[PDB]
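These protein sequence lines are chains A and B, in that order.
Here the first sequence is numbered in the numbering used here, starting from 13 and rising by one per residue.
Here the second sequence is numbered in the numbering used here, starting from 157 and rising by one per residue.
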Amino acid sequence: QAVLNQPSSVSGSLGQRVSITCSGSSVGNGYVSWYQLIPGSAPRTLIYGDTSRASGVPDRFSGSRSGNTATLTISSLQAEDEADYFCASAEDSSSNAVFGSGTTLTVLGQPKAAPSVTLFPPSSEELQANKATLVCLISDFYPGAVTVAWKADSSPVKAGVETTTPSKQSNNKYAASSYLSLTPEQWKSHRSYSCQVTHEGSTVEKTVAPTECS
Amino acid sequence: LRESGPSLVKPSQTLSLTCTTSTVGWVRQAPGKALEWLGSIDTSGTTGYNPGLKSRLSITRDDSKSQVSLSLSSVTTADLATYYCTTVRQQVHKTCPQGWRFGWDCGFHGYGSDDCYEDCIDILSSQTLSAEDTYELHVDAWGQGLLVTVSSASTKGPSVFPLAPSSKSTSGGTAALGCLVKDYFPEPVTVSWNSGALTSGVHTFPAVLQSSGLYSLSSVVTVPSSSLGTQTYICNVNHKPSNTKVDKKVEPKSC
């Protein structure tokens, strides 16, 4: 039950350097390895033995130690480095290791990007299955902070709504999704529905109407 | 390293997984939690286990079939996690205090050569301290990760609906089309496009969990607008927990 404590969040500027610390529970008897976890991917070993790089690890990733405190340094921060990082160490002849609390790295100074918003009304197939789901897809924005509101005839809607937290796309920009689950009767009981996406002092609103084909 | 086994195990039951290959360990991660070591086993069969879990943990290996096994008994919702098959490198390193030297570094190879000696050569029958141990363990390679849900609820396959583009939802040269994967359980659902040939502009979203206890997600691809009238786009939904594969062609709306 060795305690390897990391800062929960660290931020650095694009192209600059950043450090993620891994401090011990209190005689550092084991070496520290580091790991990179990008959602949707399996973990990636970066550093082992305090300072040795693994295979395919760029040179900007570097490790160092200072008595019970191991540091992962990323010298030239890139946008693809935004990820979760975990240190680890084995504290005995036991074939066991302990992982650090983890650090979520934020890369600032990336190009801001207004969101694109796509609003799909319920498909004819789903409507014929006696269901109606409005699907609001939000893509290609940075930073990854949006609030999503739904409207029915310009009246707010809070029930039957589900929204996903923004996550990175393959191009290092963010995307989010929101759903409005209705009954077919409710779908026709209004003249229009809107998805409103607020992002950095800007609101993009897309609208669909049961009386007009998408 | 191929994680195989059920994606759903009922409470109180014993989860059992296997990792086909051709020193292996297991790591897991519960949602919003740090990585958690589980155990490993080398060619000599020796086993090590996370002390807090060794009661329920059981790991085996068939060098014959090249298959390592994990068995976690009496599972609870606390064992809901992604389970990773790994490869481990372990190497204990021995060092002597500053000045002190190993017997073999002084030239002595009799009994006690691997201990540290303050007085080198000079009547080696001197003060002898055991060498200090520093342990180095790290995961070499990671498996893709099998998601194991722990719940009494029953498996349910997904219903897939098309997210078709229309004349007003285009973005000039580009257009969005997708698939809505509704009401499945448990996670995960994997989505590809055109059986893996279409990978650019594709984004598959994380799933939402509805008040019904069921999951839903969407996958979208940005394609050229001009090609829509004749191009064929198919989303491939795979839900291994129900052994369900659904391919759905997404056509543009006639409006």
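For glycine and all other residues, C-beta sits at the position ideal for the given N, C-alpha and C.
* Can you name the residues of chain A whose CB is closer than 8 Å to the CB of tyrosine 240/B? -> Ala54 and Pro55
* **Burial state of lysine 405/B (16 or more Cβ within 10 Å)** => exposed
* Please list the partners that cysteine 225/A has in chain B, where partner means a Cβ-to-Cβ separation under 7 Å. => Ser322, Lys409 and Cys411
* **Cut-off 6 Å between Cβ atoms - residues of its own chain near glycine 301/B, not counting five sequence neighbours on either side** => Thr238 and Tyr240
* How big is the Cα-Cα spacing for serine 190/A and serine 356/B? -> 23 Å
* Beta-carbon spacing of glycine 75/A, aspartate 62/A below 9 Å -> yes
* Asked: Looking at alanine 353/B and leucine 333/B, is the spacing between their C-beta atoms short of 9 Å?
  -> no
* To do: Could you have a look at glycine 352/B and say whether DSSP puts it in helix, strand or coil?
  => Per DSSP, reduced to three states, the secondary structure at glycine 352/B is helical.
* Asked: In this structure, what does DSSP give as the bridge partners for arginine 77/A?
  -> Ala82/A
* Should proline 134/A be labelled buried (16 or more other beta-carbon atoms within 10 Å of its own) or exposed? -> buried
* Contacts that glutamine 90/A makes with chain B (C-beta to C-beta distance below 8 Å) -> Chain B residues near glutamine 90/A: none, gap ~20 Å exceeds 8 Å.
* In this structure, does DSSP put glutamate 343/B in helix, strand or coil? -> coil
* Asked: What is the residue span of the beta strand (DSSP E) that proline 318/B lies within?
  -> 315 to 319 is the span of the beta strand (DSSP E), which, as asked, contains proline 318/B.
* Under the rule that 16 or more other beta-carbon atoms within 10 Å means buried, what is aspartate 235/B, buried or exposed? -> buried
* Within chain B, the residues that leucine 149/A reaches when beta carbons sit closer than 9 Å -> Among the residues of chain B, those whose CB is under 9 Å from the CB of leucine 149/A are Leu319, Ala332, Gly334, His359, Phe361, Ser374 and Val376, following chain order.
* Asked: Does any residue of chain A bring its CB to less than 9 Å from the CB of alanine 190/B?
  -> yes
* For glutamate 292/B, which three-state DSSP category applies? -> Strand at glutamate 292/B.
* If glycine 112/A and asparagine 41/A are in contact, beta carbons under 8 Å, what's the gap, nearest whole angstrom? -> So it is not a contact: roughly 16 Å between Cβ atoms.
* Asked: Is there a Cβ from chain B that is less than 9 Å from the Cβ of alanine 141/A?
  -> yes
* DSSP state of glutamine 140/A, grouped into three classes? -> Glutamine 140/A: helix per DSSP, three-state reduction.
* **Cβ pair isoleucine 86/A, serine 31/A closer than 9 Å** => Their beta carbons are under 9 Å apart, which means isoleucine 86/A touches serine 31/A by this criterion.
* Can the beta-carbon of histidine 395/B be found less than 9 Å from the beta-carbon of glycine 313/B? -> Less than 9 Å separates the beta-carbon of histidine 395/B from that of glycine 313/B.
* **Candidates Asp218/B, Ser229/B and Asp219/B, of which the one nearest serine 172/B by Cα** => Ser229/B
* Please determine if the region 169 to 176 of chain A and the region 189 to 205 of chain A are in contact, where contact requires at least 3 C-beta pairs separated by less than 8 Å. => yes
* Asked: Where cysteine 276/B and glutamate 288/B are concerned, what is the direct C-alpha to C-alpha distance, given to the nearest angstrom?
  -> Straight-line Cα distance between these residues: approximately 18 Å.
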